[PDB]
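Step one of this worksheet: look at the structure below.
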Amino acid sequence: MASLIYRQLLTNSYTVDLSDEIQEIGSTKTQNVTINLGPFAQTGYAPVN
Amino acid sequence: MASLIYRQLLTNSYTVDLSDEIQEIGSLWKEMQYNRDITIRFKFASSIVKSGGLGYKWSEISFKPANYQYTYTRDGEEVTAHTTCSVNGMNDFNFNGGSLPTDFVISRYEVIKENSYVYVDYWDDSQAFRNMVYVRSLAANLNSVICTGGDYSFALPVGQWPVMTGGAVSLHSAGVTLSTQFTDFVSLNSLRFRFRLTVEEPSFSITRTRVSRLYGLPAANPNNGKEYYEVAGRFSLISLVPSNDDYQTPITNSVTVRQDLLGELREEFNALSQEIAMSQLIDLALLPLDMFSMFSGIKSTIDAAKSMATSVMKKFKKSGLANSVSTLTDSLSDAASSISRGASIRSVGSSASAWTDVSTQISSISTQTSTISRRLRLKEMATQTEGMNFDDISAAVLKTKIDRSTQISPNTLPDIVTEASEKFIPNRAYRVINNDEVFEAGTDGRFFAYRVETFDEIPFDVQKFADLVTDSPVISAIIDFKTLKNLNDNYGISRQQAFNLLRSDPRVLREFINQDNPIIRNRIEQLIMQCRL
Amino acid sequence: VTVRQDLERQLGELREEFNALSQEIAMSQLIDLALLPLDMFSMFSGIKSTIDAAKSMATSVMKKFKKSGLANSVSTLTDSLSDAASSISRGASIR
Amino acid sequence: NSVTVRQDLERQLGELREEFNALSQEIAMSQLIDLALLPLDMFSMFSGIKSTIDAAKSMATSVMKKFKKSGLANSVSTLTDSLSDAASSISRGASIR
Amino acid sequence: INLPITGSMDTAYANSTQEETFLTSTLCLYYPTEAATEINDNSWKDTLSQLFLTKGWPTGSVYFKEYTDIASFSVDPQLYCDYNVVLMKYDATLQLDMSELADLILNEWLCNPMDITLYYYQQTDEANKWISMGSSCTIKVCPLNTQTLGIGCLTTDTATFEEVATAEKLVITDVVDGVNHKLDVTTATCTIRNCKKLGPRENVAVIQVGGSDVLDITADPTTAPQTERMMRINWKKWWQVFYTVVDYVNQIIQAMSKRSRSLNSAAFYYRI
Amino acid sequence: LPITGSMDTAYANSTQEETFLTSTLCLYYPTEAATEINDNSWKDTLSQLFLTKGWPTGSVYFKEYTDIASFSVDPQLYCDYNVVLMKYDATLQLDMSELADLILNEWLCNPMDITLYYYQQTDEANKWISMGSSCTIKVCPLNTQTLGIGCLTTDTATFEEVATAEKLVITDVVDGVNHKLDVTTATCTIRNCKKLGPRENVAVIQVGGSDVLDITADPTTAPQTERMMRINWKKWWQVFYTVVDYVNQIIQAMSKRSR
Amino acid sequence: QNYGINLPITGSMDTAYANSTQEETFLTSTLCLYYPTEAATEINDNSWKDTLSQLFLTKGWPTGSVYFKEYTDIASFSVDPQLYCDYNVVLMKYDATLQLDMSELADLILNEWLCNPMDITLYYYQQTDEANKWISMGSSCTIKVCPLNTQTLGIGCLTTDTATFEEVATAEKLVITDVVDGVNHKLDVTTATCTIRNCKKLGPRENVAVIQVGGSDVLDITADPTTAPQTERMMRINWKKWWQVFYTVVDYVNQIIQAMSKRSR
Ligand SMILES: *[C@@H]1O[C@H](CO)[C@@H](O)[C@H](O)[C@H]1NC(C)=O
Ligand SMILES: *[C@@H]1O[C@H](CO)[C@@H](O)[C@H](O)[C@H]1NC(C)=O
Ligand SMILES: *[C@@H]1O[C@H](CO)[C@@H](O)[C@H](O)[C@H]1NC(C)=O
Ligand SMILES: *[C@@H]1O[C@H](CO)[C@@H](O)[C@H](O)[C@H]1NC(C)=O
Ligand SMILES: [Ca+2]
Ligand SMILES: [Ca+2]
Ligand SMILES: [Ca+2]
Ligand SMILES: [Ca+2]
Ligand SMILES: [Ca+2]
Ligand SMILES: [Ca+2]
Ligand SMILES: [Ca+2]
Ligand SMILES: [Ca+2]
Ligand SMILES: [Ca+2]
């Protein structure tokens with residue numbers, strides 16, 4: 001039991017590979033973040049000559 | 001234990017679903033010593049797409065893959081190298097001065113931050129980049145670079161110019177994988193690194209606007225006029241060159257493999273079957289050879305080491321074994337629930353029990369016994385047994401063969417593990433003990449009733465053997481009645497030894513096997529030769 | 001905007017279905033089934049129709065399982081055992 | 001948006017060993033023997049520890065990936081390989097008796 | 001406390017007080033301006049904090065109190081921390097100054113004010129000295145005789161008084177113990193106090209960054225001791241000195257022990 | 001292996017007058033001494049003097065060195081008994097202490113590849129020793145995710161300078177953090193070295209000022225060993241006659257190596 | 001004489017009450033008064049100190065055991081109060097606009113604070129208990145705080161724009177700040193003209209005695225808004241002159257010193 005935790009770590013060691021696959025694949029298939037603009041509108045000046 | 005490994009495969013089947021999800025959303029031997037040095041010179045590209053109107057508005061300032069081809073010196077030879085740099089996972093900002101046609105608008109422009117990742121495929125005409133077809137391990141230690149953005153002016157035909165300036169991020173090397181460059185007639189195997197981005201002090205800004213103190217690197221001028229950015233380090237790589245009798249080390253790796261396609265793997269197994277010993281096999285058939293211990297001694301390839309257990313599981317949950325297990329569980333559930341309209345097919349026993357429901361009969365007692373014994377194989381990997389638990393011996397043979405057999409591969413071990421689990425000891429017998437009266441049974445339609453102390457047969461009491469095998473623990477027939485009686489006759493046997501052989505105890509089993517008892521050696525050799533594939 | 005409740009009526013209908021199917025259960029076969037090491041596969045393969053190409057059901061059930069009284073009580077018990085094992089100067093203060 | 005949120009340094013493993021040596025001996029024995037009869041599975045062992053983290057990114061995997069690099073696991077695999085080899089055909093080494 | 005304590009030699013007790021405070025320690029370095037001058041960095045304090053974090057000290061526990069010069073630091077040194085380290089540079093023309101600073105901070109003092117004009121003071125034991133602090137302390141002393149006259153000096157002509165301090169900020173004066181002295185001090189710019197030496201201050205640690213051990217903490221010339229919390233280093237840069245201190249702070253902290261008498265901020269107690 | 005013994009046995013004869021005949025002695029003196037002496041046969045003289053103490057003529061060697069730093073640059077001490085004479089200079093205190101820390105103690109040294117790898121110190125004895133004609137070292141500690149602390153992993157100007165134009169350097173940094181370095185690899189080679197048990201075969205003799213050597217980087221011990229000796233001088237012939245006459249004490253304070 | 005340790009004490013209930021240590025504690029102790037400039041101003045006498053000393057001499061306190069130490073104003077007194085005597089008395093005038101400052105003064109002197117330093121440029125600080133406060137001294141302290149969340153970001157404030165911080169003090173000579181215990185705060189302070197120190201309130205100081213001269217009792221020593229206690233050495237008087245006040249103090253100096261008790265630390 002309290003050594004079954006070590007046995008379980010050993011048994012479930014395979015998930016290290018799945019986690020590495022996550023790390024390598026998600027970073028190739030991540031979607032570009034899009035910002036929610038503020039409630040204002042970033043106006044400024046007009047074209048000055 | 002050795003059946004616990006099958007139980008664990010079935011249990012951990014739930015990871016196959018997420019593994020397939022990941023794969024979908026994504027989409028004699030020897031050893032050679034890389035840990036060679038490299039220097040990667042690369043650069044970014046940009047893709048600017050302006051809108052019409054008067055010329056004050058842009059609709060995209062985005063990144064783009066960028067190739068590069070150069071030459072450098074290493075160990076005294078000029079090597080020509082080729083890089084390809086791209087990015088993923090960027091923040092798309094936008095500026096908007098108004099809806100009028102004359103107000104500065106950038107509807108979308110990309111910036112790479114700490115949540116982004118850049119990929120730099122690399123290649124050269126050295127020997128490693130043609131030898132890296134079968135890799136065992138890959139990892140690289142490279143220095144970092146600091147890439148900064150330069151001045152960029154927007155060509156407004158009227159008024160003052162907006163000046164994009166600042167911005168910088170630090171690339172440190174974290175992660176190495178394989179990839180391919182696709183040419184017109186052949187393909188090239190390449191090595192793509194992944195750098196993580198760490199933002200730095202210089203804050204990007206857009207002059208003559210309300211944008212300032214904004215960190216990151218945009219796509220406008222990421223190179224700041226620099227012809228390239230240069231990292232330098234070492235890449236460590238191990239190979240699986242299929243060499244031979246210990247000379248003539250290949251170069252270019254000089255091989256093809258079984259991808260051109262089991263017909264010969266079966267012959268390999270049938271050649272390795274009998275060479276296996278018995279005492280050491282029984283010593284190995286008591287070990288809980290969980291996933292790690294079963295898949296450690298395999299000197300896998302870089303992809304098999306990542307997906308071996310899941311690879312065998314995704315086929316192990318497709319087989320007669322798994323389907324029969326699910327069928328049994330569905331039968332038990334529907335029997336516990338359907339009682340009002342109860343399935344009245346048959347019940348050889350006191351009352352209805354899914355373990356005792358004969359069906360698909362395409363002697364009567366022989367048929368009943370075989371049909372009841374075809375579910376004790378499920379009892380074995382349902383933990384209601386007591387003895388050497390034949391699937392355990394099967395798994396021990398499996399683990400003793402797949403560590404020797406040269407022909408083992410990522411596509412290959414899956415459905416070999418399952419063909420083994422399905423075709424190892426097809427015919428196999430079991431027993432149940434009740435008040436010093438043993439009732440045996442076998443899937444070959446044979447039954448034997450007999451007393452423990454004085455082996456002498458008895459009429460086989462069906463409707464009692466079933467009532468006992470349903471609930472009481474079961475035992476395996478490694479020491480089955482025929483050999484047991486031959487032994488009690490010739491090699492005169494004691495009460496405790498006989499009780500332990502009934503219980504199928506490995507201590508007494510291995511003690512006879514070391515006492516050189518041919519009436520047990522022959523039986524164990526029969527079990528081996530049946531574990532043939 | 002965001003909702004403040006959901007799924008309650010469906011869960012109620014399933015409550016009714018369960019509290020009406022309960023009585024038709026049999027006892028002999030239930031005792032026969034209660035001695036079965038019904039692992040994840042054994043419990044999630046024999047679903048009525050595997051209705052439509054479902055997600056990983058083990059993960060789906062576990063992400064709700066580890067928020068409930070059972071798991072939190074397990075964690076509380078383990079924490080209490082560790083805290084009682086840690087110190088000797090407290091004097092078995094749980095009475 | 002900052003320069004970066006650095007991750008502060010953690011410890012010197014010598015000093016962490018000395019923190020253990022400071023918690024050398026004050027464990028209760030009845031309570032320890034009552035604790036050592038429990039299946040303290042991954043959830044139970046990684047839930048209560050320090051009760052504060054946002055990431056939660058599979059620290060059981062993070063400890064397993066360092067667990068399967070050590071003497072214990074290598075010795076287990078060595079033993080299994082030795083058993084399978086010796087069983088199948090393999091010659092016993094002259095030093096092995 | 002007067003009551004006794006008991007013990008044993010077989011036990012393995014493990015039973016001891018546990019409580020809380022400010023967060024299990026504090027530490028304060030006292031470094032010269034020259035160090036930050038040579039370094040020329042504005043993030044080195046945070047660098048050293050994150051280094052100490054590896055040795056265990058949390059973020060809000062390490063502090064630095066720059067001091068321009070040994071004399072400036074000697075002028076009212078206000079130490080209020082649970083551990084104090086004092087880096088101190090070697091200068092053969094300042095031996096007495098950086099031994100008086102040591103005799104002041106390493107040892108615990110109990111000081112009473114003094115009124116030079118209205119009274120004539122004296123010392124009782126070999127631990128009752130006179131410490132004077134300020135900006136420029138010029139002290140002069142005339143011993144006296146049984147009949148309240150002078151000895152090689154005159155009660156009226158201050159020039160006849162014997163000089164013991166010239167242009168010093170901190171002075172620790174020991175005179176003959178058992179005779180009445182008459183004093184003349186620059187009371188406008190300096191304050192003098194009749195102090196008594198007590199058990200040592202285990203909360204400070206001096207680190208002579210440079211030359212060999214010179215500090216004679218004990219005014220008597222026969223001992224010339226050297227304590228565990230009296231360290232030496234050889235230096236050519238300051239970054240290496242600080243990295244050394246950080247790599248070996250656990251030994252510094254094993255050599256220092258928290259106070260026993262009470263809490264206080266200065267280098268001496270006031271008891272009127 | 002284990003070694004037993006007893007207290008009833010008797011003391012054996014004096015290994016002196018045989019260790020002298022079957023061992024070698026090697027003095028390391030500065031050019032200042034040869035200059036002040038201004039003689040060509042002083043070596044023959046001192047060897048003929050040693051010949052009275054018992055050291056034969058082909059056993060004593062004199063290995064001049066122009067300066068303490070030029071000596072500290074790769075000192076190849078290969079003799080069965082080594083004596084070093086070291087002048088005192090406050091401006092050279094740390095250099096003449098590092099020389100002691102290098103020769104008196106025996107170092108297990110591995111090489112170092114800065115440009116490709118980042119290193120850390122494990123224990124209090126795993127230090128970094130750099131030798132060459134002019135070393136200029138700078139160090140940048142890192143965090144768990146390879147980011148700099150008060151420095152930038154690329155910008156060498158932001159690094160922390162610990163040595164400047166030093167021919168020998170012994171660098172101890174915080175033990176447990178990964179550092180990046182910048183060193184004049186052209187002119188200086190740097191090794192990662194663990195300090196083993198002391199070298200009982202060399203004897204430093206400081207010809208001038210007070211005892212300043214602090215071998216122990218930890219500022220708590222400041223130990224003074226048996227073979228770290230001192231002399232006060234106004235000439236060099238007196239120093240050499242003192243060495244000659246009290247060589248037996250020096251060779252009793254030294255003990256032949258075990259490795 | 002085991003200092004640095006704390007041992008079980010024991011006694012009995014049959015021992016008799018010993019003699020009166022009064023008329024000896026007065027001789028082997030010292031008494032320091034702290035009056036305001038307004039008192040000597042109203043008085044306009046040069047020998048009032050010798051007068052009060054010759055009066056104390058009747059009560060038992062000898063001539064050179066009494067000390068008077070002036071202070072122009074309550075805030076100038078709050079600026080680094082250095083009370084080093086064996087029995088301190090502090091006569092305090094009432095002003096409804098100065099209530100908070102003359103309560104902070106009380107919470108600072110009546111109690112015994114264990115004070116560690118603070119450096120704002122490097123760290124971000126949090127409180128651990130309800131008695132771990134931040135006391136700021138100086139000539140003009142302008143203190144602003146920005147609490148942070150779990151991920152080191154402000155709450156209604158930005159970690160660059162100091163104007164968005166939350167203000168708790170504005171040009172105060174003494175401040176005592178308590179904030180939410182469990183959250184890290186970023187601080188802005190006038191370090192040049194003010195020192196801030198993170199202090200833990202230990203048990204009280206039984207060596208000082210505050211005497212309010214005017215208005216009703218208002219001093220809330222305990223920062224928590226539940227107790228509002230009135231300690232034993234927290235005295236009140238009603239005044240129209242100062243000679244009457246000094247005569248009252250002198251005539252009832254024994255009750256004062258009975259309410260006080262020589263320190264422990
Ligand atoms: C057949 O197997 C035996 C033992 O299993 C071995 O000794 C023999 O060499 C094998 N035959 C051949 C031709 O290799
Ligand atoms: C300390 O605790 C142990 C076990 O809790 C006990 O045996 C021992 O007597 C205690 N110490 C003392 C001094 O009582
Ligand atoms: C040791 O010395 C004594 C007296 O000098 C001498 O008699 C003896 O022979 C010596 N030992 C040996 C082994 O010669
Ligand atoms: C205690 O007080 C009584 C009554 O005043 C007095 O007689 C006695 O002498 C006092 N004790 C001492 C020791 O003086
Ligand atoms: Ca002085
Ligand atoms: Ca005179
Ligand atoms: Ca004296
Ligand atoms: Ca040097
Ligand atoms: Ca070190
Ligand atoms: Ca720097
Ligand atoms: Ca105030
Ligand atoms: Ca509070
Ligand atoms: Ca605000």
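Labeling convention for the structure tokens: chains A, B, ... as they appear, residues from 1 per chain, ligands from 1 in order of appearance.
By only C-alpha atoms, and with residues fewer than 4 positions from residue 6 of chain D along its chain excluded, the set lying at most 12 Å from it is residues 114, 198, 199 and 200 of chain B; 2 of chain D; 50 of chain E; 142, 143, 144, 145, 146, 147, 148, 149 and 150 of chain F; 151 and 152 of chain G.
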Please list as a PDB file with N, CA, C and O atoms, in the first residue's frame every residue within 9 Å of residue 7 of chain G, counting only C-alpha atoms and excluding residues in the same chain fewer than 3 positions away.
```pdb
ATOM      1  N   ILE E   1      17.052  34.097  35.454  1.00  0.00           N
ATOM      2  CA  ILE E   1      16.234  33.385  36.429  1.00  0.00           C
ATOM      3  C   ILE E   1      17.163  32.593  37.345  1.00  0.00           C
ATOM      4  O   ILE E   1      18.166  32.039  36.899  1.00  0.00           O
ATOM      5  N   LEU E   3      16.341  29.894  39.435  1.00  0.00           N
ATOM      6  CA  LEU E   3      16.059  28.474  39.611  1.00  0.00           C
ATOM      7  C   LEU E   3      16.969  27.607  38.734  1.00  0.00           C
ATOM      8  O   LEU E   3      17.539  28.092  37.754  1.00  0.00           O
ATOM      9  N   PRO E   4      17.114  26.318  39.057  1.00  0.00           N
ATOM     10  CA  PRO E   4      18.080  25.480  38.346  1.00  0.00           C
ATOM     11  C   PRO E   4      17.477  24.771  37.136  1.00  0.00           C
ATOM     12  O   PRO E   4      16.272  24.819  36.884  1.00  0.00           O
ATOM     13  N   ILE E   5      18.360  24.109  36.390  1.00  0.00           N
ATOM     14  CA  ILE E   5      18.015  23.308  35.222  1.00  0.00           C
ATOM     15  C   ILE E   5      18.625  21.930  35.443  1.00  0.00           C
ATOM     16  O   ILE E   5      19.619  21.791  36.160  1.00  0.00           O
TER      17      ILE E   5
ATOM     18  N   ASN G   2      20.044  31.783  35.344  1.00  0.00           N
ATOM     19  CA  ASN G   2      19.843  31.233  34.006  1.00  0.00           C
ATOM     20  C   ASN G   2      19.030  32.217  33.175  1.00  0.00           C
ATOM     21  O   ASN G   2      17.801  32.160  33.130  1.00  0.00           O
TER      22      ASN G   2
END
```
Any residue with an atom at most 7 Å from ligand 6 counts, using only C-alpha atoms and all ligand atoms. Which are they? Put them as number ranges by chain. E: 152-153, 160-162
Write out as an mmCIF file with N, CA and C atoms, in the first residue's frame which residues come within 10 Å of residue 24 of chain A when counting only C-alpha atoms, dropping same-chain ones fewer than 5 positions away.
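Now in part_36.cif:
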```cif
data_model
loop_
_atom_site.group_PDB
_atom_site.id
_atom_site.type_symbol
_atom_site.label_atom_id
_atom_site.label_comp_id
_atom_site.auth_asym_id
_atom_site.auth_seq_id
_atom_site.Cartn_x
_atom_site.Cartn_y
_atom_site.Cartn_z
ATOM 1 N N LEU A 18 3.484 10.441 -22.705
ATOM 2 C CA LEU A 18 2.313 11.193 -23.148
ATOM 3 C C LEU A 18 2.456 12.675 -22.830
ATOM 4 N N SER A 19 3.018 12.999 -21.665
ATOM 5 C CA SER A 19 3.204 14.402 -21.309
ATOM 6 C C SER A 19 4.224 15.074 -22.220
ATOM 7 N N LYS A 29 0.673 23.055 -32.497
ATOM 8 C CA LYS A 29 -0.742 23.189 -32.841
ATOM 9 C C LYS A 29 -1.463 24.038 -31.802
ATOM 10 N N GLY B 26 -2.583 16.570 -33.641
ATOM 11 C CA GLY B 26 -1.239 16.844 -34.106
ATOM 12 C C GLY B 26 -1.111 16.692 -35.607
ATOM 13 N N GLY B 175 14.070 21.664 -26.033
ATOM 14 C CA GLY B 175 13.360 20.655 -26.803
ATOM 15 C C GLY B 175 13.940 20.392 -28.177
ATOM 16 N N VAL B 176 14.175 19.118 -28.488
ATOM 17 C CA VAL B 176 14.711 18.676 -29.772
ATOM 18 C C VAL B 176 13.843 17.538 -30.285
ATOM 19 N N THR B 177 13.464 17.598 -31.563
ATOM 20 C CA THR B 177 12.738 16.508 -32.200
ATOM 21 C C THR B 177 13.214 16.366 -33.640
ATOM 22 N N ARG B 194 13.422 23.577 -30.553
ATOM 23 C CA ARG B 194 12.373 24.475 -30.087
ATOM 24 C C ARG B 194 12.977 25.382 -29.031
#
```
Just the residues within 9 Å of residue 41 of chain C, please, counting only C-alpha atoms, with nothing from its chain fewer than 6 positions along; format it as a ChimeraX atom specification. /B:10-14,317,322,326
Which residues, written as a PyMOL selection string, have at least one atom at most 7 Å from residue 88 of chain C, with only C-alpha atoms counted and residues fewer than 5 positions away on the same chain left out? chain D and resi 26-28
Would you mind listing, as JSON, numbers by chain, all residues of chain D that have at least one atom within 10 Å of chain B, where only C-alpha atoms are what counts? {"D": [1, 2, 3, 4, 5, 6, 68, 73, 74, 76, 77, 78, 79, 80, 81, 82, 83, 84, 85, 86, 87, 88, 89, 90]}
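Near ligand 10, the residues found within 8 Å are residues 41, 42, 43 and 44 of chain E; 140, 149, 150, 151, 152, 157, 158, 159 and 160 of chain F (criterion computed using only C-alpha atoms and all ligand atoms).
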What residues have any atom no more than 7 Å from ligand 12 when counting only C-alpha atoms and all ligand atoms, and can you list them as a list in words? residues 127, 129, 130, 131, 132, 133, 178, 179, 180 and 181 of chain G
Put those residues in a file: N, CA and C atoms, as a PDB file, in the first residue's frame.
```
ATOM      1  N   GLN G 127       1.731  40.887   6.162  1.00  0.00           N
ATOM      2  CA  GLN G 127       1.562  40.678   7.589  1.00  0.00           C
ATOM      3  C   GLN G 127       1.151  39.238   7.856  1.00  0.00           C
ATOM      4  N   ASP G 129       0.340  38.006  11.498  1.00  0.00           N
ATOM      5  CA  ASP G 129      -0.635  38.013  12.580  1.00  0.00           C
ATOM      6  C   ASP G 129      -1.303  39.384  12.631  1.00  0.00           C
ATOM      7  N   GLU G 130      -2.154  39.581  13.639  1.00  0.00           N
ATOM      8  CA  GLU G 130      -2.866  40.841  13.807  1.00  0.00           C
ATOM      9  C   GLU G 130      -2.081  41.880  14.600  1.00  0.00           C
ATOM     10  N   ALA G 131      -0.909  41.523  15.133  1.00  0.00           N
ATOM     11  CA  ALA G 131      -0.059  42.430  15.894  1.00  0.00           C
ATOM     12  C   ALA G 131       1.232  42.788  15.164  1.00  0.00           C
ATOM     13  N   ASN G 132       1.368  42.406  13.889  1.00  0.00           N
ATOM     14  CA  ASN G 132       2.555  42.680  13.077  1.00  0.00           C
ATOM     15  C   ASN G 132       2.231  43.861  12.169  1.00  0.00           C
ATOM     16  N   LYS G 133       2.456  45.064  12.680  1.00  0.00           N
ATOM     17  CA  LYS G 133       2.079  46.313  12.031  1.00  0.00           C
ATOM     18  C   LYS G 133       3.326  47.001  11.489  1.00  0.00           C
ATOM     19  N   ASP G 178      -1.960  49.073   9.859  1.00  0.00           N
ATOM     20  CA  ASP G 178      -2.372  47.680   9.786  1.00  0.00           C
ATOM     21  C   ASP G 178      -3.145  47.475   8.492  1.00  0.00           C
ATOM     22  N   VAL G 179      -2.836  46.383   7.796  1.00  0.00           N
ATOM     23  CA  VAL G 179      -3.443  46.028   6.524  1.00  0.00           C
ATOM     24  C   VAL G 179      -3.941  44.591   6.622  1.00  0.00           C
ATOM     25  N   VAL G 180      -4.494  44.092   5.519  1.00  0.00           N
ATOM     26  CA  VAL G 180      -5.066  42.753   5.521  1.00  0.00           C
ATOM     27  C   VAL G 180      -3.938  41.737   5.617  1.00  0.00           C
ATOM     28  N   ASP G 181      -4.043  40.840   6.593  1.00  0.00           N
ATOM     29  CA  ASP G 181      -2.974  39.906   6.924  1.00  0.00           C
ATOM     30  C   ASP G 181      -3.141  38.649   6.079  1.00  0.00           C
TER      31      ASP G 181
END
```
Shell around residue 234 of chain G at 8 Å using only C-alpha atoms, local window under 5 positions removed, as a short mmCIF file (atom, residue, chain, number, x, y, z; two decimals) with N, CA, C and O atoms, in the first residue's frame:
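For reference, selection37.cif as written:
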```cif
data_model
loop_
_atom_site.label_atom_id
_atom_site.label_comp_id
_atom_site.auth_asym_id
_atom_site.auth_seq_id
_atom_site.Cartn_x
_atom_site.Cartn_y
_atom_site.Cartn_z
N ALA G 209 3.45 56.04 31.71
CA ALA G 209 2.11 56.37 32.18
C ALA G 209 1.64 57.63 31.48
O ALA G 209 2.18 58.72 31.72
N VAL G 210 0.65 57.49 30.60
CA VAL G 210 0.07 58.61 29.88
C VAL G 210 -1.04 59.21 30.73
O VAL G 210 -1.85 58.48 31.33
N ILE G 211 -1.10 60.54 30.76
CA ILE G 211 -2.08 61.30 31.52
C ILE G 211 -2.68 62.31 30.55
O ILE G 211 -2.07 63.34 30.27
N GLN G 212 -3.86 62.00 30.01
CA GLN G 212 -4.59 62.98 29.23
C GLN G 212 -5.05 64.11 30.14
O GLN G 212 -5.51 63.88 31.26
#
```
As an MDAnalysis selection string, please: every residue in segment 137-206 of chain F that a backbone DSSP assignment puts in strand (DSSP E). chainID F and resid 138:141 160:161 166:171 179:182 188:198 202:206
Shell of 12 Å around ligand 9 (only C-alpha atoms and all ligand atoms), written as number ranges by chain: D: 12, 14; E: 240, 243-249; F: 120-129, 170-177, 192-195, 216-218
Set the distance at 8 Å and use only C-alpha atoms: which residues neighbour residue 47 of chain A once local chain neighbours fewer than 6 positions away are removed? I'd like the list as JSON, numbers by chain. {"B": [102, 103, 158, 159, 160]}
Would you mind exporting the chosen residues as a short mmCIF file (atom, residue, chain, number, x, y, z; two decimals), in the first residue's frame, restricted to N, CA, C and O atoms?
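As a result, out.cif now contains:
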```cif
data_model
loop_
_atom_site.label_atom_id
_atom_site.label_comp_id
_atom_site.auth_asym_id
_atom_site.auth_seq_id
_atom_site.Cartn_x
_atom_site.Cartn_y
_atom_site.Cartn_z
N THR B 102 -9.32 57.70 -43.17
CA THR B 102 -8.04 58.39 -42.98
C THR B 102 -7.44 58.19 -41.59
O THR B 102 -6.51 58.92 -41.23
N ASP B 103 -7.93 57.23 -40.81
CA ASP B 103 -7.48 57.00 -39.45
C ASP B 103 -6.62 55.75 -39.41
O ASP B 103 -6.96 54.73 -40.03
N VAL B 158 0.72 60.98 -46.60
CA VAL B 158 0.35 62.31 -46.14
C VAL B 158 0.53 62.37 -44.63
O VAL B 158 0.02 61.52 -43.90
N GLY B 159 1.27 63.38 -44.17
CA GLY B 159 1.47 63.62 -42.76
C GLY B 159 2.78 63.05 -42.24
O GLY B 159 3.75 62.84 -42.97
N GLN B 160 2.78 62.78 -40.94
CA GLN B 160 3.96 62.28 -40.24
C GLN B 160 3.96 60.76 -40.25
O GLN B 160 2.93 60.10 -40.41
#
```
Residue list (alpha helix (DSSP H), DSSP) for segment 24-129 of chain F, as a PyMOL selection string: chain F and resi 31-37+42-53+68-72+93-103
Which residues are near ligand 5 - at most 8 Å, using only C-alpha atoms and all ligand atoms? Format: as an MDAnalysis selection string. chainID E and resid 71 94 96:98 100 165 168:172
Distance limit 12 Å, reference ligand 7, atoms considered: only C-alpha atoms and all ligand atoms. Which residues make the cut? Give them as a PyMOL selection string. chain E and resi 122-131+172-179+194-197+218-220
Taking only C-alpha atoms and all ligand atoms into account, which residues are within 10 Å of ligand 11, as number ranges by chain? G: 74-75, 78, 98-105, 135-137, 141, 169-177
Kindly provide, as a tab-separated table (two decimals) with N, CA, C and O atoms, in the first residue's frame, the residues of chain E having any atom no farther than 9 Å from an atom of chain C, counting only C-alpha atoms.
```
chain	number	residue	atom	x	y	z
E	14	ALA	N	13.91	15.03	22.36
E	14	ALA	CA	13.02	15.48	21.28
E	14	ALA	C	11.90	16.41	21.76
E	14	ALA	O	11.14	16.91	20.93
E	15	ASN	N	11.79	16.66	23.07
E	15	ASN	CA	10.73	17.49	23.64
E	15	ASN	C	11.31	18.89	23.83
E	15	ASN	O	12.25	19.07	24.62
E	16	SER	N	10.77	19.87	23.11
E	16	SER	CA	11.34	21.21	23.20
E	16	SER	C	10.30	22.24	22.76
E	16	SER	O	9.32	21.92	22.09
E	17	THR	N	10.55	23.48	23.18
E	17	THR	CA	9.67	24.59	22.86
E	17	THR	C	9.55	24.79	21.36
E	17	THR	O	10.54	24.76	20.62
E	18	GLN	N	8.32	25.00	20.90
E	18	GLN	CA	8.03	25.42	19.54
E	18	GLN	C	7.03	26.57	19.59
E	18	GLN	O	6.04	26.51	20.33
```
